[PDB]
Protein chains: 2
Amino acid sequence: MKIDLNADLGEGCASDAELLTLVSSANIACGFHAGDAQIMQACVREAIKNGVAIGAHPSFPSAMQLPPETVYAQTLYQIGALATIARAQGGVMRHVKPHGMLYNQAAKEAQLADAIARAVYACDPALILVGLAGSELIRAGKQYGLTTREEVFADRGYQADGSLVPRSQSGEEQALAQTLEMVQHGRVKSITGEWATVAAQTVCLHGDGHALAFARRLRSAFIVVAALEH
Amino acid sequence: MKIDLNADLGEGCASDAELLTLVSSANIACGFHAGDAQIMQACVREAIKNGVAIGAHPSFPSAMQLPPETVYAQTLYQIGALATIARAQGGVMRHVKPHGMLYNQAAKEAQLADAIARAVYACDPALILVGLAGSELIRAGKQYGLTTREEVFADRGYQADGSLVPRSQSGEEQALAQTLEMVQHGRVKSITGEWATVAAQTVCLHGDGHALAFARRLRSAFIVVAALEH
């Protein structure tokens, strides 16, 4: 039984250095929401240095719809930039995970999820699409023959249906146990009390802290952390 | 005897439409100095529509040196973005031509020319590097085994050594004859009166005008306009 741990990098924030020592996959910003070519270049090198799988963390450039075509184009632009930077160093970009609001909206909007999946596919069919467990992005991914991996969160509360409870409450290190529960037996205790089934193939480790202690403690609690090799 | 004509596009300016009807190669902006992913996406489609060779027009993001490493990284970022957008449409990016100040400075600074050439090579060794005739960029290109094409200008005055006279005077449609002279016999009458030898493998057509008349008139004057197939 293996589990993949991923962290967002290329934002210049937090300590990407130490976090790359305890994570199996990296999601590198592509210059829109954060980072730049030079930062992307240094993140890739550090990633290969630690044997971490290189992945892109594309983002968007009051819910005004941005046509799927535009998102598709902007996604290609970002992941193609990183893939080229990665290959220049003899590295290979292995996955793509949307960032923030793009990720959040693609989780519920089929059209947006579809746009992102198509872009990942158009870049390289062998790329693994990472998205929130049980969301539209996972659906879009498998819809196009893309290997897809579902993401779960250690510090977030889940509903009965298996999705997250809207931030706040929808307008403690119990996280460990929740994380261990999802990875080991694919289920999580919802805030409603009922058990909800989940895929949990990768857990997102927040490094923006001293929140680095939880990361290492999570691994101590853990069996075998490894990159997605589907 | 063939000649290649190129035009800068993806800047939203001028009439890229009509210019793509009389040019053999296109240099598409990559989102830094101008353009964006969507614009790049539409330019590529129009390029394949007119059978025009797709090329990148990367730029920089009081001559303060930007380390070659940075330029290298930023160049990869831009041309990799366009190459991915191009391939997504079943197209192929064929050449790279630096934009404005980056082009202007790489013409004289070996280190900068070297950085750009290495980036083009790291992206795809089969890419044609385009630079000012007799400049450092052409040298850097052939230095790395890259097919290189020298650019000449119809509306600019040349010196005896074969380089351009600094803008203004260095702090008429005679252009046609000058252009015909360079393409047909590889030489140009300098403002000093002496004949200067040049490679002239491609001429840059300014479409930012009614300067489109000169473009068509240049072709009327011309034999066989074709893309670089070295």
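Only heavy atoms go into these numbers, but all of them, side chains included; no hydrogens, no water, no symmetry mates. Note on naming: letters A, B, ... go to the chains in the order of the sequence lines (proteins, then strands), and numbering restarts at 1 for each one.
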Distance-only check: which donor-acceptor pairs of chain A and chain B lie under 3.5 Å?
| residue | atom | partner | partner atom | Å |
| --- | --- | --- | --- | --- |
| A:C30 | O | B:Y77 | OH | 2.8 |
| A:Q41 | NE2 | B:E69 | OE2 | 2.7 |
| A:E69 | OE2 | B:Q41 | NE2 | 2.7 |
| A:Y77 | OH | B:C30 | O | 2.8 |

Closest non-hydrogen contact found for B:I138 with B:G131 is CD1-O, 3.3 Å
Steps toward side-chain contact (heavy atoms from CB on, under 4.5 Å) verdict (B:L22, B:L5):
CA-CA 8 Å; B:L22 52 78; B:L5 293 180; 5.6 Å; no
Counting heavy-atom pairs under 4.5 Å with chain A, the top scorer among B:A88, B:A83, B:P61 is B:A88
Shortest non-hydrogen pair, B:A56 vs B:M93, comes out as CB-SD, 3.9 Å
- Query: Are A:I28 and A:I85 close enough, and set up right, to give a side-chain contact (heavy atoms from CB on, under 4.5 Å), and what steps lead you there?
  - Reply: CA-CA 11 Å; A:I28 307 174; A:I85 286 167; over 6 Å; no
With side-chain contact (heavy atoms from CB on, under 4.5 Å) as the criterion, how do A:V225 and A:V23 come out once you've worked through the C-alpha distance, each side chain's angles and the decisive distance to 0.1 Å? CA-CA 8 Å; A:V225 180; A:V23 84; over 6 Å; no
Could you walk me through whether B:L137 and B:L129 pass the side-chain contact (heavy atoms from CB on, under 4.5 Å) test, one step at a time?
CA-CA 8 Å; B:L137 194 59; B:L129 183 282; 3.3 Å; yes
